[PDB]
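Here we start with a single chain on its own, the form deposited in one PDB entry, put down as structure tokens.
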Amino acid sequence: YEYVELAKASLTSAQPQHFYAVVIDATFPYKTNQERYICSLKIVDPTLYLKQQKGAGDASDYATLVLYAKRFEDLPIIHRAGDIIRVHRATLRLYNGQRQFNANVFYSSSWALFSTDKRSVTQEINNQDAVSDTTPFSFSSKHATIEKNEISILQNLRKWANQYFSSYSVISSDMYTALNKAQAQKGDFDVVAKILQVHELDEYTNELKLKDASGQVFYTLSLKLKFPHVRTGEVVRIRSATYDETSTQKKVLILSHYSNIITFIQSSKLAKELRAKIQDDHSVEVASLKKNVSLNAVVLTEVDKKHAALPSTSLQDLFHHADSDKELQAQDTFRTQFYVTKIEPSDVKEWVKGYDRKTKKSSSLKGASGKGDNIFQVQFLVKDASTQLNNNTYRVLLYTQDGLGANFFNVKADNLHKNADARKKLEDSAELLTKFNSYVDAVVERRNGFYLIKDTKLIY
């Protein structure tokens, strides 16, 4: 197998050519008719990656790759820009001024994906190590071969890929539209924004809260199975999106079966600058709290920074599998999300009780200080996406006698029967917690079969 560079590939031979390249863009594999699947992508290499810079505007130059197949599973799923792809038996031709490589996977063509970073996206999600630095994490057909002479080509192209993404934006301004100009687009367009929030709308759908350089916030639905790599605080490129004219309560982007959401490799200069430049926005949440009914979700809490890297566990696993799952049985501290359906005791004034640390008993302060140290004793009845349809509600405790979750309400425990200020703040919080679309993101510690909130505080 002889590999040729993109710019040196023959346009006349019309013969099968092979090559190595860096993928900067790609749609999702989509079906066209009753027997065809397609996947279009943009590739670059040392010989083709930038347009005549002088009046070009540092715009990126690239070749296109169109892979055809009879089955969905014979096409590559690009989750991240910056990775490398190896193609065999592709034919090149000029399509509207640019080099278009075509390959029929259903015939004799084949492809293989190589991770530019230490691990592939899928491997990062599962916390797996790569077999080796010469092993494809994905490829067409039942087999894939890597000759010794290829190692140099692969290793070099990786070094180049990192220099390229760290020195240039790769995804230039001409490859996407500003979110605050989305409504001016005739049809579909592309986006480059930071994921400010990942809200689990249901069993199979995630709702992404996006914000780009224009400062405009948008929401979009992202299926879990299709885009399992979405992560808060991360920057992604969305290929093919439309402005939803039917959404009045909030700005919504519509994606198609061929749309794609792609992250960037570690060395990405564009991703690095955007992660720092684009800052979280709560204007949408602040405004929604003024409406009786908000169609926008609002996360009222935030967990301590030391848990930001902790994975979440659904209520289903927390209350239905925590005593039968080997993995769940080994953990005592978990992170989860849910919404409060009801708060007990009903009387907010009884939320703070007097506690006797000697008899392990608590009592009402309606009789004053004659009960001991003041503590919070609140019992939340919660529910989530994983248990959205069942006839259950789950108890999440907020017992601070031992200091767990003492600052949850941003209000130090006190006699709510006498401290009007403290009582009023908690009453408002109570209305916000039981209000539709309000959710809680908190860490909990398992104790004697119950979950107690800790290292979590309201942010409203």
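Shifts are known only where both forms have a C-alpha. Between two forms, the rigid core is the largest collection of C-alphas that superpose within 1.5 Å. All residue numbers refer to positions in the sequence shown, first residue = 1.
The discussion below concerns the form deposited in another entry, not included here.
- Looking at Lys224, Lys251, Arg99, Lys371 after a core superposition between the shown form and the other one, you find that only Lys371 has a C-alpha shift of 2 Å or more.
- Shown in the overlay between the shown form and the other one, fitted on the rigid core, is a CA shift at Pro46 smaller than 2 Å.
- Note: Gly55-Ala184 Cα separation is 3 Å or more longer in the other form than here.
- In the other form, the Cα positions of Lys54 and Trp160 lie at least 3 Å nearer to each other than in the form displayed.
- Residues present in both forms were considered; between the shown form and the other one, the rigid-core fit shows Cα displacements of 2 Å or more across three or more consecutive positions at 52-57, 369-371.
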